[PDB]
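The chain that follows stands alone, in the form deposited in one PDB entry, written as C-alpha cells.
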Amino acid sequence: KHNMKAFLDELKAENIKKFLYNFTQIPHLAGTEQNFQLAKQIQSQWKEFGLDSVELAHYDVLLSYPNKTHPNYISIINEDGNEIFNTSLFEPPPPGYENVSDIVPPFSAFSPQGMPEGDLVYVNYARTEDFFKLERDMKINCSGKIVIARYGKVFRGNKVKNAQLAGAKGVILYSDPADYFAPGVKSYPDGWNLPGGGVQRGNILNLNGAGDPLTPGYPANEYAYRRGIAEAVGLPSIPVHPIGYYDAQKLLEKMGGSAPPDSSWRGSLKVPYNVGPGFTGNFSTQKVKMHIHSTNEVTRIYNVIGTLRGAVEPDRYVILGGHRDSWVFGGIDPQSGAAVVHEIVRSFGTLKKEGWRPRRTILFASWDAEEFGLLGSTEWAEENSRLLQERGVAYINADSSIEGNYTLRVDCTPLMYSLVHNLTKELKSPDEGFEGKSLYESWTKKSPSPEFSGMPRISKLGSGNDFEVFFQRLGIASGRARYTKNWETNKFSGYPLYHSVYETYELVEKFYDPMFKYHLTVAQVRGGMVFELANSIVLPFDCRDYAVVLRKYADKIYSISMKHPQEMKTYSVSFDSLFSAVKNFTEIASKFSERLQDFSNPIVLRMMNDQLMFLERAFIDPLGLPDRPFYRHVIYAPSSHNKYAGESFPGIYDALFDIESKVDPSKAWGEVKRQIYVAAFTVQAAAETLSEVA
C-alpha cells in the first residue's frame, strides 16, 4: 500500500546521517560560490529522487561581509592611544579543520562601519526591561557610551535597537558562560559547550518582516527598483561586534561605576559585573575602541523549489521549506534540518516512482540567505504571494532538527494541534525508558503544557525563521517540530555552539544524536504532517482548537489591562466585544465541526476544505499592525521586544505595554480601545467564514 506508513518506513536514519555529512564539509555562507554549488547539487538530486520539476529561483539582495584585508576587532586603548588589548581576529578552528578555507570570521552582519571610542556600560541582556532598569531606576545614561550586552533571552537585533534608542554609540555582544556553558560538560571538542574563544555570528537587522532591506513589498528580481541605502529597511545606525568570553572577561574585569543592581545581572565570569560607566580608578583614562569595516553588498542568492504535483487538487499547496545557507559549517543550523528535508524528498520520490501521487501539490524548498534576515523565503513569497494567498494550505518549516536530545518540541498554529497529537500517538518514542511507547506519551510526560493540563506543550510562532512571511504576512497555517533539551533543568540559551565554527558534523554525531534516531523521529513528524496535509480528504485542521486558545488569549490580555482598574473606569475600556467575538467563534466553530462530520459531494467537501484553508487567512488585517505593515496577523505577531517570541493579541498587548509611563493617558487608552475593536472585529470576521456560506 501507498499510505502514510509506507512513506514513514522508507525514511532511514543512515540516509539522514550521510546527507548531513555531505552538507557540512565546507562552509555554505549565503551569496558565496560554495552555496550556489550546493544549491545546484540539491536541484540535481531532487530531480533524481523523482520530483516533477526542480528550479532555482534567484534574487539580488543586500548582504553583508567583513573586509578580508581590513579585519574587525575591538581594543582597550590607553591615554596615549596605544591599543593595549585586542580581541581575536578568528575562532581557533576545531581539530582537522585548521586548514579549511573561507570560514567567515565572527562579525555582526549589517553593522555599519566605524571606529567609535568611549567608555563602557554593561546592560545585561540589553532587553527593554534592562534599559528601563538602567535609566529609570539606576539613573545611568547610555548616551555616547559603548554598550556591552550578553547574548541570550531575546533576538540580538532587538538588543541593538534598544541600545540605539538609549543613545549608545556602539554595541559589543558576548557569550557569557552562564548562558553558554552547562556545568559538568566539557568545551568543544571534548563536549558540547562553547569554549572561551568561541563566538556567535548573526545578523542584527530589525526588518519587521520586510525581507530584502532594499525592496520591501516586491521581489528583488532583475528589473527591481531599489531603495537607496539611506532609505533601506532595518539597518542598525551604530557599529556592533560579537566576542567570546575570554575576550569579554578582559573588557569586563576593569569595569567601575555602579554595582550590578541584583544577581539577575551577574553572569558566571570572575568579574563583579559593574554596570559602569567606564573603568575603576587606576584604569579610568583607558577607553574601548571598536574597528568595524564590514560592507553591505547586493549579492545573488538561490532558492531551490521542488514540485510534486497533486493528482486531485494540484492547485492546493503544502509547503515543506527550510534554509540551506549557514554561518560556517551549519552542523545543526540548518543542515540537520536540510538533511531531513532531503530524506523526506527521497521517500516521497520513492512512492512517486511506484505510481503514487499525493492528493494536493507538495512544494519543497531549500531557502537561501535565511541567516541574513529570512531573505530567500521572503523574496520568493513576495514574487508568488497571489498564488500563496489563494492556494497555500500549510507551511511546515525544516530548520535545525535537534537542539537537544531530551524530548519533542512543536510550535504551530492551533489549527494543527489535533493533527500533531494524532500523528505523535502513531509514532514510536525514540527515548530511553519509553521503548514500545508512542512519541505522544514520552513527549507529554517530559513536556507538559502549562496552558492545558494533561496535554503536551505546543508553543506559539513569532519570527526568526522562514515560516515568518507565510504565517505573519500571508496567514497560511504554519508549524515546526524538532528535538530539544530539558528547558526546566538547564539555564543555558538555545544550544551552546550556535553560530560558531564548532557547530560541525562531529558535534552532532558525537554528542547530540550518534544513532540519528532523533533526526529520524523529526523526519517522521515533519514528513507525516506534510503527508496528512497533502493527502487527507478533509484538511486536518480543527477550528475548535483555535476557539479554545482565543479564549485563553482573551483572558490573558484582559488580565493585563485589569492591572489598571481606575483607567479602565475613567476611559470606559471594555473587553466585552472581544469576549463576545470569541464566544461567537466558539459557537460557529462547533456547528461547522458538526457539518464537517455530517456531509459523496466534492463541492461541499472543497467548499468546506476552502473554509478550513481560509480560516488562518481570515486573521490577516490588510492594514497590518501599527508601524509594522508586514505583520498582518491579528492574533499572533513577533514580540516588538524580541522577534523570536510570539505575542498573542499583539495590537492590544503593545497598546497596553508600559502604558503607565505615557504622557497622555486619554490618547493611550483610546488606542487600547481601538485595538480591542480591531481584535473583536477580526475574531468575529474569522468566525463568520465558518458560517453556512449562503
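Only residues modelled in both forms are compared. We call the rigid core the largest set of C-alpha positions that still match within 1.5 Å between the two forms. Numbering starts at 1 and runs along the sequence shown.
Only in words, not in the display: the form deposited in another entry, which the text now covers.
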| item | value |
| --- | --- |
| Entry of 91, 119, 451, 403 that shows, once the rigid core is matched between the shown form and the other one, a C-alpha shift of 2 Å or more | 451 |
| C-alpha of residue 491 off by 2 Å or more between the shown form and the other one on rigid core | yes |
| CA-CA separation of residue 490 and residue 173, closer or farther in the other form than in the form shown [shift of 3 angstroms or more] | closer |
| Outcome for the Cα pair residue 489, residue 182 in the other form, compared with this form (closer or farther; change of 3 Å or more) | closer |
| Taking the rigid core as reference, consecutive runs of 3 or more residues that move 2 angstroms or more in Cα between the shown form and the other one | 451 to 454, 488 to 492 |
